[PDB]
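For reference, the structure is listed below as C-alpha cells.
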Amino acid sequence: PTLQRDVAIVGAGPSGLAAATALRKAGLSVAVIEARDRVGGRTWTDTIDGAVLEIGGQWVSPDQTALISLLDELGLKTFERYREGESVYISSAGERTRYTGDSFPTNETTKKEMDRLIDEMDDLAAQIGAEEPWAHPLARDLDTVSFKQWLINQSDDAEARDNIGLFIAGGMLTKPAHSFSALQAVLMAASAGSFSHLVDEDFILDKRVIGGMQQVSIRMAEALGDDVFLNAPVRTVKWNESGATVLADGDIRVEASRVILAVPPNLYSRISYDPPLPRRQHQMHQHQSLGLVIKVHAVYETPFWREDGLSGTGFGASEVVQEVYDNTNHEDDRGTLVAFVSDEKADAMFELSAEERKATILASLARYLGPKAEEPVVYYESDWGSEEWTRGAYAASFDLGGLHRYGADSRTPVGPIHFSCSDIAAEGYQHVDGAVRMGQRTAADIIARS
Amino acid sequence: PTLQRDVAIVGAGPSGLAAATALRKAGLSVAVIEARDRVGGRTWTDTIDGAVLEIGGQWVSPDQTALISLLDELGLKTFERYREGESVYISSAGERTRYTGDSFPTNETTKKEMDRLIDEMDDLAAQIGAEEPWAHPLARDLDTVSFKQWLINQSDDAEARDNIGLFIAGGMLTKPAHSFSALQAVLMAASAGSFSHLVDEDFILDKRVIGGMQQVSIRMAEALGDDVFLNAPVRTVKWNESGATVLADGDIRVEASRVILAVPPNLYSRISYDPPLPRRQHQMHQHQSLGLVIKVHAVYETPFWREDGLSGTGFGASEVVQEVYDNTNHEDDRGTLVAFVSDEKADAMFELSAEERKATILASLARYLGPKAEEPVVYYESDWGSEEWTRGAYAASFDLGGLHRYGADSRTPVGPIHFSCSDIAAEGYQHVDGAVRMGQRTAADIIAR
Ligand SMILES: Cc1cc2nc3c(=O)[nH]c(=O)nc-3n(C[C@H](O)[C@H](O)[C@H](O)COP(=O)(O)OP(=O)(O)OC[C@H]3O[C@@H](n4cnc5c(N)ncnc54)[C@H](O)[C@@H]3O)c2cc1C
Ligand SMILES: Cc1cc2nc3c(=O)[nH]c(=O)nc-3n(C[C@H](O)[C@H](O)[C@H](O)COP(=O)(O)OP(=O)(O)OC[C@H]3O[C@@H](n4cnc5c(N)ncnc54)[C@H](O)[C@@H]3O)c2cc1C
C-alpha cells in the first residue's frame, strides 16, 4: 500500500510511539513502521517455560518524570522492587558481607575514597549537565581521558575505583571503563539527576510497571490502530528538502513531509538513503555502539532469600555476576531474581556452552544468596546481541572521544529527517524515560515548524 | 539474472578482485558484485578540471611484496616520488626550518626523546607482530591505554610526542591519539615492517604506479569480463551451512557455495543477512570505524618548489596541514602537491565554507613551500566521507579496547561467509597491499577448504 502522512516514523519502540502520540495530539497524521512482529523494541514482556518475564527495559526511577507522566496518561500503575532486609557485598578480596545502609561494608579508607569519588562526580554532573556536556570548558579534557584512567588519576584505592566503575561501566554503559571517557560517565550521572542516584539502587531501580514496561508501547500502539505497520522493516528513505518517501517490506510506501528515525544509532545504516546522508552523519554514526549485558532471570518456588532475611540485592565488582536483585513479579508467590553480566564478562560467558554458562552464572548467584539459588524452576538469559533489530543492551554510546567530537550533532535533523531514541537523549539517556523525552522533543520540533 | 558460482564476491576493490583472481586460477567460478559504476573502491583515478589525480590509495612501499608481485603479474610498472633537495619542518613553536637527513631539525633533547620513542615502538612491533597482536602477554595492558596516554607515560616532551603522533594518528589511523590504543599503534607499525618504516616517507611513500593505482583493480576486473557486475549494490545474503544466495539491485541473484564480503567492516550492516549474523559479529562490527583525512591536491604550472631547492616534503604536527609531498604525475611537466588534513582538523575544515577551507589549507601549504602555493591552477579535496560506499579514509580500526576484545574474530568466517579487506589485514593493514594479501588469504582458505 501507499499512504500520505505528515510524519513517517521508523520504529515502534517507546521513542517512536511517544513521538507518534504527541504528533497525533497536535493533529498531524502519522504512520509508524516497525520491523518486528510486535511493538516495544528494547522493552518486551514474554512467557518463558510458563514464567512471565520482562526481557528488556523495566525500571522507573523518581527522576523519570516524563515516563511517570505517560504511565498516568495510559492508566498504568507502578509497584516497588522488594528491598526489606540485608544486601550482600562481595569485596575485591572475595569476602562476602551482609549489610544495610547506603554504603558498602568496606574498610574506612575505601569508604572515604568512594565517598570522595561520588562527590566529585556529583559536582561534575551538576556543572556540566546532560543537555550539552560537550559545550562545557572542561569537556575536552574529560572526553579525551578514559573513565578508567580518570579514576586512576583521582584515587590510589583499587577497590574504590572498581566499585565506582561497577555503577557506570557494568551498571549503565555496559562497556568496560577503559573504552569510554570520563565525560561520558559525567553525562550518564547528569542524565539520572546525579551520580548518587546511580549508586542507590532504591532510586534508579525503584519501581516497575504493573503489567510490565512493554504495556507503555502496547497501549500507545493500540490507540494508533491501523497507522502501525508490523513485520515491515524499513529499507529505503528517499528524501529532499520538502519531504521523504519511506519504503518497507510488504510493498509499503509512505509519502510524508518529515521522517523520524526512531531506532538506535548503530542501526541507521541498515537503511539506504537516497541521496546519501551528509558526510557528518556518515562519520558520526560509525562512532556509536551498543554495550553488552546479559540480563539473567531465575525463577524459584518462593522468594527463598527473603526467608533468610536478605533483600535479594547483591553487589560484587569482581564477580562474573556483578549485580543481583529481587525481581519478583507483582502479586507473584514464586520468587524471581534478576542479575547482570556486563561487557567483557558477557563475552566470556557467551564463549562457554549454554550448560556451562548457566552453571557459572548460577554459582555466582549461589555465592550471593546461598545454594538454593542453584535450583531455579525456570532459567533464562535475555540475548539482545542476537536480535538483528537491536544488537546489544542496554543502549548506545560514543567510542572514546566521540561525545565531544560529535555530540552537538547527534540530534540535528538532516532536511526532513529527524532522529529520536533513548541513546541520544539528555535526561533519561539510555532509559525508557529518555526514549519518551526524545519522542516528545522531536514531535514538538516538528509541530513548531509545520 | 540468476547465476550459479562457486564464490560470490561482494565488492570490486583490490581485495575482492585479488580474491576472484586467485580463485579463477584454481578453477573455481566467481561473480564479483559491485555497488559503484566502477571498480577500485578506495583506489580511484579521476580527472578534475582537466587534471589527472589519484583520489584514493596510491603509494607502494618496499615492504608491500604482495602488491609488488601483483603489479608485475599485471604488467604494471612503478616510479618514485620526487625527493631531491630539502624538506621543511614546522616546529610546535611555529619555527620553519629547511633540512635534509633522517631526523627533524629539533633540538637534541627532543631528537633523543623521539629516537627513544621510535626504538620502543620498533621493539614492541617486533615482539607483538601484525598477525595476532591480541595474543601477546603485553596486549591487554597496551590495548586498554590510549596511544596519547601511553606517549605521556613514555615521555615528558610534547613536541616529541606530537611528532610521533603525526606518523601514526594523523599519518595512518586518521583518528586522534586519545581515541585508539597503544596496541593499535603497535599493530600499525608491525603491519608496515617497523615503526621506523612509518617515520621514513622515502620508505612508506616510496613509489606510485605508472598509470595510477586504480589500474591494479581495472586490469584484474578486465580479465574477469562478464563475471563483474557494476551498478549492483548487494542488499541481501541468504545463507545456510552449505551455501549462500546473494541478491543485488538490478534483479541480480547469485547462488554460490561461499560468499566473500570484500567491503570495509563499517559497511557490513548495509546488507541484510537471512538468518542474522551471530551476536559476535553483531557486536564486533559496531566497534569498527573508518578514520577521516582530507587528501588535498594542488596543481601548478610547474613544480615551483623544486626551483627553490625543496623536495615538496613538509611536516608540522601543529599545522592544519600536517604533511605535504611532491605528488607530480609521471612525465607531467605540471607540478602537483599532495597534502593531508587529519581527523579533528578535517572536521574543523569541513565546518568552514569550501572557500574558507581552501584558503585556510592553501595558507598552510604556503607556510611550508612559499607564497606560490596559494596560486594553484587546479585545487581538489578527496571527500571519501561523503561516499556512501566508503564513508571515511583511509581505513577502519577498532575503537579503544576493541582490538584485544574482538581482533581474534575479525577474520573468522560465518558458515559460508568470509571477510576480506585491508581493514582486517595483518601485514599491509589499511593499505592496498593488505587488501591484496587478504583477498589471496581468503581465496587460499576457500580453495583448500
Ligand atoms: C536488557 C535490557 C534492560 C533494560 N533496562 C532498563 C531499565 O530497566 N529501565 C529503563 O528505563 N530502560 C532500560 N533499558 C533500555 C530501554 O529499554 C531503552 O532505552 C528503550 O527501549 C529505548 O527505546 P527506543 O524507542 O529509543 O529504541 P527501541 O526500544 O530499541 O525501539 C527501536 C525500534 O526500532 C525498530 N527498528 C529498528 N530498525 C528498523 C527498521 N529499519 N525498520 C523498522 N523498524 C526498525 C526495532 O525493531 C525497535 O522496535 C533496558 C534495555 C534492555 C535491552
Ligand atoms: C584518500 C585515500 C588515500 C589512501 N592512501 C593509501 C596509500 O597511498 N597506499 C595504499 O596502499 N593505500 C592507501 N589507502 C587505503 C587503500 O586505498 C585501501 O586500503 C584499499 O583500497 C582497500 O581495498 P578493499 O578492497 O579492502 O576495500 P575497498 O577499496 O574500499 O573496496 C570495497 C568495494 O566494495 C564496494 N561495496 C561496499 N558495499 C557494497 C555492497 N553492499 N555491495 C556491492 N559493493 C559494495 C565498494 O563500492 C568498493 O568498491 C588510501 C585510501 C584513501 C581513501
Side-chain angles (χ1 to χ4, degrees), chain A residues 14-15 18 42-43 56-71 78 80-81 83 102 114-115 117-134 136 139 142 147 150-151 163-175 177 180-209 213 216 290-291 293 295 313 315 322-323 325 338 340 342 393-398 403 407 410 421-441:
Chain A
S15 202
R42 276 169 278 180
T43 68
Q58 61 158 249
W59 279 298
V60 183
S61 80
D63 159 89
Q64 297 174 354
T65 51
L67 173 56
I68 289 159
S69 203
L70 181 56
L71 290 173
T78 54
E80 65 178 44
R81 175 181 52 76
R83 70 206 65 188
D102 9 293
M114 286 185 60
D115 282 355
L117 293 172
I118 292 167
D119 288 341
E120 172 70 6
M121 288 302 293
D122 278 347
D123 198 352
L124 288 175
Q127 286 181 68
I128 294 166
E131 178 60 36
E132 42 169 23
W134 49 81
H136 199 276
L142 290 168
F147 193 44
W150 185 86
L151 292 165
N163 286 340
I164 294 303
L166 182 158
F167 293 119
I168 298 283
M172 292 287 148
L173 297 177
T174 61
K175 287 171 171 184
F180 61 86
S181 76
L183 189 66
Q184 288 179 97
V186 170
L187 166 59
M188 190 70 248
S191 79
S194 63
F195 194 90
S196 294
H197 289 159
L198 299 183
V199 170
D200 179 14
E201 76 283 0
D202 295 339
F203 187 93
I204 192 69
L205 275 25
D206 189 22
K207 292 186 186 152
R208 298 163 67 196
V209 176
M213 182 71 74
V216 172
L290 295 172
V293 60
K295 182 177 186 182
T313 298
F315 292 105
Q322 63 189 233
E323 306 165 67
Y325 308 97
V338 67
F340 299 100
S342 182
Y394 305 113
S397 50
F398 283 103
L403 175 62
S410 60
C421 61
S422 68
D423 317 73
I424 63 178
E427 286 169 68
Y429 176 53
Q430 297 207 333
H431 289 72
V432 177
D433 186 63
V436 172
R437 290 180 193 272
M438 275 308 303
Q440 289 174 352
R441 190 167 166 153

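Each chain gets a letter, A, B and so on, in the order its sequence line appears, and its residues count up from 1.
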Donor-acceptor pair, side chain of A/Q430 and main chain of A/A396, under 3.5 angstrom: yes
Donor-acceptor contact present, side-chain A/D423 to main-chain A/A395, <3.5 Å: no
Side chain to side chain contact (heavy atoms under 4.5 Å, CB included) evaluation trace for A/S191 with A/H431: CA-CA 10 Å; A/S191 79; A/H431 289 72; 5.8 Å; no
What are the two closest heavy atoms between [X] and [Y], and how far apart are they?
X: A/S342; Y: A/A169; answer: OG-O, 4.0 Å
X: A/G407; Y: A/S410; answer: O-OG, 2.9 Å
X: A/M213; Y: A/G57; answer: CB-O, 3.3 Å
X: A/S181; Y: A/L142; answer: CB-O, 3.6 Å
X: A/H197; Y: A/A192; answer: ND1-O, 2.9 Å
X: A/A426; Y: A/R441; answer: CB-NH1, 4.3 Å

[X] vs [Y] side-chain heavy atoms within contact, under 4.5 Å:
X: A/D102; Y: A/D200; value: no
X: A/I68; Y: A/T78; value: no
X: A/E120; Y: A/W150; value: yes
X: A/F180; Y: A/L403; value: no
X: A/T43; Y: A/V432; value: yes
X: A/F203; Y: A/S196; value: no
X: A/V338; Y: A/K295; value: yes

Stepwise side chain to side chain contact (heavy atoms under 4.5 Å, CB included) check, A/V199 with A/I118: CA-CA 8 Å; A/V199 170; A/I118 292 167; 4.0 Å; yes
Rounded to the nearest 0.5 Å, what separation is found between the [atom1] atom of [X] and the [atom2] atom of [Y]?
X: A/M172; Y: A/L198; atom1: CE; atom2: CG; result: 5.0 Å
X: A/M121; Y: A/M188; atom1: CE; atom2: CE; result: 10.5 Å
X: A/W59; Y: A/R81; atom1: CH2; atom2: CZ; result: 7.5 Å
X: A/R42; Y: A/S15; atom1: CZ; atom2: OG; result: 9.0 Å
X: A/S194; Y: A/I204; atom1: OG; atom2: CD1; result: 9.5 Å
X: A/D123; Y: A/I128; atom1: CG; atom2: CD1; result: 9.0 Å

Side chain to side chain contact (heavy atoms under 4.5 Å, CB included) between A/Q127 and A/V186, intermediate numbers included: CA-CA 10 Å; A/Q127 286 181 68; A/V186 170; over 6 Å; no
Parallel, tilted or perpendicular, as decided by the 30° and 60° cut-offs, for the rings of A/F167 and A/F195: perpendicular
Charged N-O contact under 4.0 Å between A/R437 and A/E131: no
Side chain to side chain contact (heavy atoms under 4.5 Å, CB included) between A/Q184 and A/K175, worked out: CA-CA 11 Å; A/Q184 288 179 97; A/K175 287 171 171 184; 5.8 Å; no
